[PDB]
Amino acid sequence: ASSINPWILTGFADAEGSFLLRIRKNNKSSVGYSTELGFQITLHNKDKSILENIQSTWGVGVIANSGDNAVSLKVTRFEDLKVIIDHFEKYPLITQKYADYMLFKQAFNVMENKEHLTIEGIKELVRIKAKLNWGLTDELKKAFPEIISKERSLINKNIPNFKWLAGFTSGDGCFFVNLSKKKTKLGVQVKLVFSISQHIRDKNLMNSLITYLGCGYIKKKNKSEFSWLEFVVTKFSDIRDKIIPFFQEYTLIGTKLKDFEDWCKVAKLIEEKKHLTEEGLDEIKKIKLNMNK
DNA sequence: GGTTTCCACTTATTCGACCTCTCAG
DNA sequence: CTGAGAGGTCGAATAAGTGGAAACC
Ligand SMILES: [Ca+2]
Ligand SMILES: [Ca+2]
Ligand SMILES: [Ca+2]
Ligand SMILES: [Ca+2]
């Protein structure tokens with residue numbers, strides 16, 4: 001296993017990490033509840049190597065299958081959480097997930113004091129959990145109606161450095177070869193697309209990518225009640241002169257690195273105008289077939 | 001006996017990956 | 001004709017989370 005640059009790791013955690021606070025009804029526990037605090041990343045099987053590298057970097061965490069297609073790294077051994085905290089104190093998250101991290105830290109402090117072994121400490125964990133991720137289940141709310149949770153901190157941080165973006169892109173980004181039929185004797189337009197997807201809660205961060213990368217635009221997307229954003233670059237001069245040199249310098253991790261490598265092969269053919277030939281179109285369709293999914 | 005840690009594997013829905021058309025220069 | 005956006009779809013590699021019991025103090 002290889003170690004991962006810490007800012008790349010934090011950017012990847014902003015895109016792929018989740019904090020965890022289990023408060024479980026437990027007939028064997030003196031206070032009727034047991035707890036489990038943690039941090040986890042779930043990826044496709046093909047990216048198991050990233051999880052082994054993170055495990056090797058931090059020296060913590062257990063890896064297991066997550067269903068038929070995915071694999072997780074989960075850190076819940078309590079002493080190992082100190083490694084997680086030590087990392088994110090030095091290399092802080094910048095999406096809204098930073099607020100979940102802060103709630104995770106509060107829960108750590110409660111459990112370090114063994115307060116979770118008292119009913120009052122369980123109550124304090126429920127207060128913290130109420131704003132963490134999806135919040136309290138209805139079943140738990142019914143158990144602790146008394147609870148009043150402090151409102152959730154809205155995060156508005158800047159991108160700390162390019163390595164963070166390399167990690168974030170390795171998680172939530174997409175390098176895509178768009179083919180769209182036209183009329184023309186050739187008949188197909190080849191267009192390279194770079195995009196990053198994110199929940200609308202981080203509108204500010206996503207909007208800032210345009211200024212930070214000096215190209216792109218934001219698309220708002222919806223699906224029933226859910227909404228998210230796409231930062232998108234389609235202009236070939238920006239792909240060739242901004243996006244490609246950026247990730248050539250700030251190296252992606254995992255399978256997305258291979259997608260980016262194939263994507264650049266297509267950019268080369270496009271720069272040589274080989275995409276407006278039948279022989280070059282063959283080559284590009286071959287590269288596209290071998291990418292992503 | 002009580003508590004912590006790990007593995008199996010899911011639900012919810014935020015991602016990624018995928019497609020097609022318009023129209024300015 | 002070509003490029004750059006416009007305007008989408010869609011499935012789960014989504015983000016998040018639960019049941020059971022091994023493992024331990
Ligand atoms: Ca993400
Ligand atoms: Ca994931
Ligand atoms: Ca991903
Ligand atoms: Ca088992």
Side-chain angles (χ1 to χ4, degrees), chain A residues 14-24 26 29-48 50 61-72 74-81 95-97 100 111 114 116-117 129 132-135 137 139-140 169 171-180 182 184 187-202 215-217 219-230 232-239 254-256 259 270 275-276 288 291-292:
Chain A
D14 260 315
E16 290 294 335
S18 288
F19 296 91
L20 168 88
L21 173 50
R22 306 188 69 174
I23 303 165
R24 312 176 59 180
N26 193 333
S29 308
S30 290
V31 308
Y33 289 88
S34 61
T35 67
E36 182 174 358
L37 185 65
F39 173 84
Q40 70 190 39
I41 293 158
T42 303
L43 305 174
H44 193 273
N45 288 334
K46 282 195 297 191
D47 280 320
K48 183 205 262 238
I50 302 182
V62 295
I63 293 171
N65 294 317
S66 187
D68 283 335
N69 296 339
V71 54
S72 63
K74 295 175 171 269
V75 193
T76 78
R77 174 173 290 276
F78 193 74
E79 215 52 38
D80 288 1
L81 299 184
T95 67
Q96 298 314 302
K97 196 180 301 301
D100 293 300
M111 291 176 65
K114 305 296 182 169
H116 63 294
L117 301 182
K129 181 175 173 64
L132 173 81
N133 295 343
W134 293 352
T137 62
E139 189 177 76
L140 202 46
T169 299
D172 285 333
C174 178
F175 297 95
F176 183 67
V177 189
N178 177 303
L179 306 183
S180 62
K182 293 295 184 64
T184 80
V188 179
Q189 174 191 4
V190 178
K191 180 187 66 189
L192 294 183
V193 187
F194 172 67
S195 65
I196 301 166
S197 174
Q198 197 73 10
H199 189 278
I200 194 142
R201 69 192 198 162
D202 269 298
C215 58
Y217 49 99
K219 304 168 114 182
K220 178 178 186 248
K221 321 188 69 104
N222 321 279
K223 195 172 178 270
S224 315
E225 66 268 29
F226 309 109
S227 299
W228 68 99
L229 302 179
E230 285 190 356
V232 170
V233 189
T234 51
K235 175 143 77 185
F236 184 70
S237 60
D238 292 329
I239 297 297
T255 59
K256 211 155 305 271
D259 298 322
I270 289 166
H275 66 303
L276 301 166
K288 176 172 163 50
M291 287 180 72
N292 297 336

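In the text below, chain A, chain B and the rest are named by the order of the sequence lines, each starting its count at 1. Side chains included, hydrogens not; waters and symmetry mates left out as well; all remaining heavy atoms used.
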Peer 1: OP1 or OP2 of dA16(C) versus the side-chain N and O atoms of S18(A): is any pair under 4.0 Å?
Peer 2: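 Checking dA16(C) against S18(A), a side-chain N or O does come within under 4.0 Å of OP1 or OP2.
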Peer 1: With respect to the side chain of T137(A), which nucleotide from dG2(B), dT10(B), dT18(C) is positioned closest?
Peer 2: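 The listed nucleotide nearest to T137(A)'s side chain is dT18(C).
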Peer 1: Please report how far the helix from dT14(B)-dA12(C) to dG25(B)-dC1(C) bends, comparing the axis fitted to its first five pairs with the axis fitted to its last five, to the nearest 10 degrees.
Peer 2: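 One end axis against the other gives 0°.
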Peer 1: The side chain of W228(A) lies closest to which of these nucleotides: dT3(B), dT14(B), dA17(B)?
Peer 2: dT14(B)
Peer 1: Need one value for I196(A): base, sugar-phosphate or nothing, where a base atom within 4.0 Å counts as base even if backbone is also close, heavy atoms only.
Peer 2: nothing
Peer 1: Relative to the 5' end of DNA chain C, which residue comes earlier, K223(A) or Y217(A), by the nucleotide with the nearest heavy atom?
Peer 2: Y217(A)
Peer 1: Can you tell me how far P of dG19(C) sits from CD1 of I23(A), to the nearest Å?
Peer 2: 14 Å
Peer 1: Quick check: on DNA chain C, is the nucleotide nearest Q40(A) upstream (toward 5') of the one nearest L43(A), or the reverse? Name the residue that is more 5'.
Peer 2: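 On the 5' side of the pair lies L43(A).
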Peer 1: Just checking: do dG19(C) and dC7(B) form a pair, Watson-Crick or wobble, with both of the defining distances under 3.5 Å?
Peer 2: yes
Peer 1: Looking at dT20(B), does its base get a donor-acceptor pair with the side chain of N178(A) below 3.5 Å?
Peer 2: yes
Peer 1: Within the modelled atom types, does a donor on one side and an acceptor on the other bring the side chain of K182(A) and the base of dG3(C) under 3.5 Å apart?
Peer 2: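 Between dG3(C) and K182(A), which were checked side chain against base, a qualifying N/O pair under 3.5 Å is present.
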Peer 1: Quick check: any donor-acceptor pair below 3.5 Å linking the side-chain of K219(A) to the base of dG7(C)?
Peer 2: yes
Peer 1: Quick one: classify the glycosidic conformation of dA16(C) as syn or anti, with syn meaning within 90° of 0.
Peer 2: anti
Peer 1: Say you pick atom P in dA17(B) and the same atom in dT13(B); how far apart are they, in whole Å?
Peer 2: 22 Å
Peer 1: Indicate the atoms forming the closest heavy-atom contact of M291(A) with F175(A), along with that distance.
Peer 2: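 Here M291(A) and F175(A) meet closest at CE-O, 3.3 Å.
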Peer 1: If I compare all heavy atoms of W228(A) with all of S197(A), which pair ends up nearest, and what's the gap?
Peer 2: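 Nearest heavy atoms, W228(A) then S197(A): CD1-OG, 3.6 Å.
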Peer 1: Of all the nucleotides listed (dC18(B), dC15(B), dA16(C)), which has the minimum atom distance to the side chain of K97(A)?
Peer 2: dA16(C)
Peer 1: Could you pull out the closest heavy-atom pair between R201(A) and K97(A), with the gap in Å?
Peer 2: NH2-N, 3.8 Å
Peer 1: Under 6.0 Å from the CG atom of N222(A), do we count more than 12 heavy atoms belonging to anything else shown?
Peer 2: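 Enclosed: over 12 neighbouring heavy atoms sit under 6.0 Å from CG of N222(A).
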Peer 1: To the closest 0.5 Å, what do you measure between OG1 (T255(A)) and CG (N292(A))?
Peer 2: 8.0 Å
Peer 1: When you check the phosphate oxygens OP1 and OP2 of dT3(B), does a side-chain N or O of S30(A) lie under 4.0 Å from one of them?
Peer 2: yes
Peer 1: Of the nucleotides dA17(B), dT2(C), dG19(C), which has the atom closest to the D259(A) side chain?
Peer 2: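 Minimum distance to the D259(A) side chain belongs to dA17(B).
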Peer 1: Based on the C1'-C2'-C3'-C4' dihedral, does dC18(B) have a north or a south sugar?
Peer 2: north
Peer 1: Picking from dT9(C), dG5(C), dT14(B), which would you name as closest to the side chain of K221(A)?
Peer 2: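 Selected nucleotide (nearest to the side chain): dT9(C).
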Peer 1: Using whole Å, what does the distance between atom P of nucleotide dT18(C) and atom CZ of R24(A) come to?
Peer 2: 9 Å
Peer 1: Please give me the minimum heavy-atom distance between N45(A) and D68(A), naming the atom from each residue.
Peer 2: ND2-O, 3.1 Å
Peer 1: Roughly how many Å is it from CD in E16(A) to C1' in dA12(C), rounded to a whole number?
Peer 2: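 Whole-Å distance recorded here is 13 Å.
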Peer 1: Using whole Å, report how far CG of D80(A) lies from P of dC6(B).
Peer 2: 7 Å
Peer 1: Take the six-membered rings of bases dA15(C) and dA16(C), measure centre-to-centre distance and interplanar angle, and say whether these fall under 5.5 Å and 30° respectively.
Peer 2: yes
Peer 1: Taking the minimum atom-to-atom distance to the side chain of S66(A), which one of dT20(B), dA16(C), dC18(B) wins?
Peer 2: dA16(C)
Peer 1: Of the listed nucleotides (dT2(C), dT5(B), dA17(B)), which one gets closest to any side-chain atom of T184(A)?
Peer 2: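 Output: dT2(C).
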Peer 1: Just compare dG20(C), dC10(C), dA17(B) and give me whichever is closest to any side-chain atom of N292(A).
Peer 2: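 Looking only at side-chain atoms, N292(A) lies closest to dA17(B).
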Peer 1: In whole Å, what is the span from the NE2 atom of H44(A) to the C1' atom of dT14(B)?
Peer 2: 17 Å
Peer 1: Quick one: NE2 on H275(A) to CG on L179(A), what's the gap to the nearest 0.5 Å?
Peer 2: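 So the gap between those two atoms works out to 11.0 Å.
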Peer 1: Which distance, rounded to the nearest 0.5 Å, do you find between the CD1 of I23(A) and the CG of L37(A)?
Peer 2: 9.5 Å
Peer 1: Whole Å only: how far is the CG atom of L229(A) from the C1' atom of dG16(B)?
Peer 2: 14 Å
Peer 1: Determine the sugar pucker of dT10(B): a positive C1'-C2'-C3'-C4' angle counts as north, a negative one as south.
Peer 2: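 North pucker for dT10(B); the sign of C1'-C2'-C3'-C4' is positive.
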Peer 1: If you look at every heavy atom in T35(A) and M111(A), which pair is closest and at what distance?
Peer 2: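 Smallest interatomic distance, heavy atoms only, reads OG1-CE, 3.4 Å.
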Peer 1: Decide yes or no, distance alone: a donor-acceptor N/O pair under 3.5 angstrom between the base of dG3(C) and the side-chain of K235(A).
Peer 2: no
Peer 1: Rounded to whole angstroms, how far apart are NZ on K114(A) and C1' on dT3(B)?
Peer 2: 9 Å
Peer 1: Using the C1'-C2'-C3'-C4' torsion, classify the pucker of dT11(B) as north or south, with positive meaning north.
Peer 2: south
Peer 1: Considering only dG17(C), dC21(B), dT14(B), which nucleotide approaches the side chain of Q189(A) most closely?
Peer 2: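 Looking only at side-chain atoms, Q189(A) lies closest to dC21(B).
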Peer 1: Which way is the base of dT22(B) turned, syn or anti, if we draw the line at 90° from 0?
Peer 2: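 That one's anti.
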Peer 1: Name the closest nucleotide to the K74(A) side chain, picking from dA15(C), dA12(C), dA8(B).
Peer 2: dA8(B)
Peer 1: Checking only heavy atoms, does the side chain of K191(A) share a donor-acceptor pair with the base of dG5(C) at less than 3.5 Å?
Peer 2: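 Yes, a donor-acceptor pair under 3.5 Å.
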Peer 1: OP1, OP2 of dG17(C) versus side-chain N and O of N133(A): anything below 4.0 Å?
Peer 2: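 Indeed, a polar side-chain atom of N133(A) lies that close.
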Peer 1: What is the separation between atom CD on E230(A) and atom P on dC19(B), rounded to the nearest whole Å?
Peer 2: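 Computing the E230(A):CD to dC19(B):P distance gives 14 Å.
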Peer 1: For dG5(C) and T234(A) - does any side-chain N or O of the residue sit under 4.0 Å from the phosphate oxygens OP1/OP2?
Peer 2: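 It does, given that an N or O in the side chain of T234(A) lies less than 4.0 Å from OP1 or OP2 of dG5(C).
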Peer 1: Going through the checks in order, is the side-chain contact (heavy atoms from CB on, under 4.5 Å) test met by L117(A) and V31(A)?
Peer 2: CA-CA 7 Å; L117(A) 301 182; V31(A) 308; 5.8 Å; no
Peer 1: Which residue lies toward the 5' end of DNA chain B, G67(A) or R77(A), if each is placed at its nearest nucleotide?
Peer 2: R77(A)
Peer 1: Students often get this wrong, so: under 4.0 angstrom with heavy atoms, is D68(A) touching a base, only sugar-phosphate, or nothing?
Peer 2: nothing
Peer 1: Between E36(A) and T76(A), is there a side-chain donor-acceptor contact under 3.5 Å, judged purely by atom types and distance?
Peer 2: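 The criterion, which ignores hydrogens and geometry beyond distance, is satisfied for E36(A) and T76(A).
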Peer 1: For DNA chain B, whose closest nucleotide is more 5', that of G171(A) or that of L117(A)?
Peer 2: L117(A)
Peer 1: For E36(A), answer base if it contacts any base atom (sugar-phosphate contacts may also be present), sugar-phosphate if it contacts only those atoms, and nothing otherwise; contact means non-hydrogen atoms under 4.0 Å.
Peer 2: base
